[PDB]
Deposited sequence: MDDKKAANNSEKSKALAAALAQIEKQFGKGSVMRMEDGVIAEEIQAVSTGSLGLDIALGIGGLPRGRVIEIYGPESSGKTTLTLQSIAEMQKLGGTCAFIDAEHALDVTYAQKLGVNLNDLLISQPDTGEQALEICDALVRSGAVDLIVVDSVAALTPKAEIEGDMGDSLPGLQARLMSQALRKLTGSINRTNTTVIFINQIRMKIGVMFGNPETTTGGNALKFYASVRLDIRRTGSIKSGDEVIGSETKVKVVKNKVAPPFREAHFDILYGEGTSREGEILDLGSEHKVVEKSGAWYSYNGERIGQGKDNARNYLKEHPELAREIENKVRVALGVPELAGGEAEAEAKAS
């Protein structure tokens, strides 16, 4: 009774003192929402699972998973989203696999993309630090952890580098994403860790044209962890974000399914999911409007409209 009031008073005061003393995000409740500066992953479901609506800026991010699970796709979409915000992006490459026609399809502006193919793991982290320290680079993607071979071996690395790097990152608000194939110092320094995997084939006839994808946020220091997103990745197209908008939009009653049609605000979008997705692809301002309504319904920060 007064026991319960006394107990809730004490919990609140402790939670507040913990946040003051150890920093925001140090203790959360598992289903907490958010009251934030983020860059979209290009997946609405993943932006929602992240709680703040995207990857947090000025932080270290790790994305790991088996090859062809969607890691590079997610980072190229993040680059395209950051470029849309007006930000400058760099790709530090130790894998030599980038396909720039694909990057372009995902919205990356290659004219403005910085690229580095470093001579060693040391050199990769030092170049990464130099770009962070410039104060003029907004997002860096490092591909990939394992490939970051020490000079001695070519003829604790991660750990001292990450110490130096995180120092720089905190001063300049640069976002840095490491792609890791499936390293340990990363586990503590990262504010967000994503576990991505293929969960099924998508097929046209017996031609596979894509993959069902699951991403789990296994570490999240800016909103509660362990949320998941499920979306399609289509060959040549990346995340089917328009599909997410229709699915989540209909689920949360923003978008109507009227017989065979998807409709929004009393107007038809398309007959069947493929037609409706294509219409949203052709009408990106409408797509963004609907997306933002879905974000608001779920308590997730909006993206830029306009």
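- Counting from residue 1 of the deposited sequence, the stretches lacking C-alpha coordinates in this chain are 1-5, 41-43, 164-175, 203-218, 343-351.
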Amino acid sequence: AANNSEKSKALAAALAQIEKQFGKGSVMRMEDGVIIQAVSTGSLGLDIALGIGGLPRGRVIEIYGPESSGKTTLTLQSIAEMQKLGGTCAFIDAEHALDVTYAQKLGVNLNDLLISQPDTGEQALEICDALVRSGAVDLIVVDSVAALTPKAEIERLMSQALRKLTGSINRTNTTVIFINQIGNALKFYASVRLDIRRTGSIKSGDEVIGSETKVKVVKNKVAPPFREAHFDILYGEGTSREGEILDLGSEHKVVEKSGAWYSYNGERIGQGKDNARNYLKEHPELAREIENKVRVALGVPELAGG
From here on, numbers count along this sequence of modelled residues.
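- Note on 166-174 vs 210-218: mean CA B-factor is higher in 166-174.
- Just going by the entry, 23-31 versus 58-66 on mean CA temperature factor gives the higher value to 58-66.
- The PDB entry assigns its highest CA temperature factor, among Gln271, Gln37, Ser240, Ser250, to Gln37.
- The entry assigns its greatest Cα B factor, within the set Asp112, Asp119, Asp93, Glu126, to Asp119.
- The PDB entry assigns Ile179 a C-alpha temperature factor belonging to the lowest third of its chain's modelled residues.
- Remark: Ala130 belongs to the middle third of its chain, ranked by C-alpha B-factor as recorded.
- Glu153 sits in the highest third of its chain by CA B factor, as recorded in the PDB entry.
- Ranked against the other modelled residues of its chain, the C-alpha B-factor of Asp232 as given in the entry falls in the middle third.
- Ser144 sits in the highest third of its chain by CA B factor, as recorded in the PDB entry.
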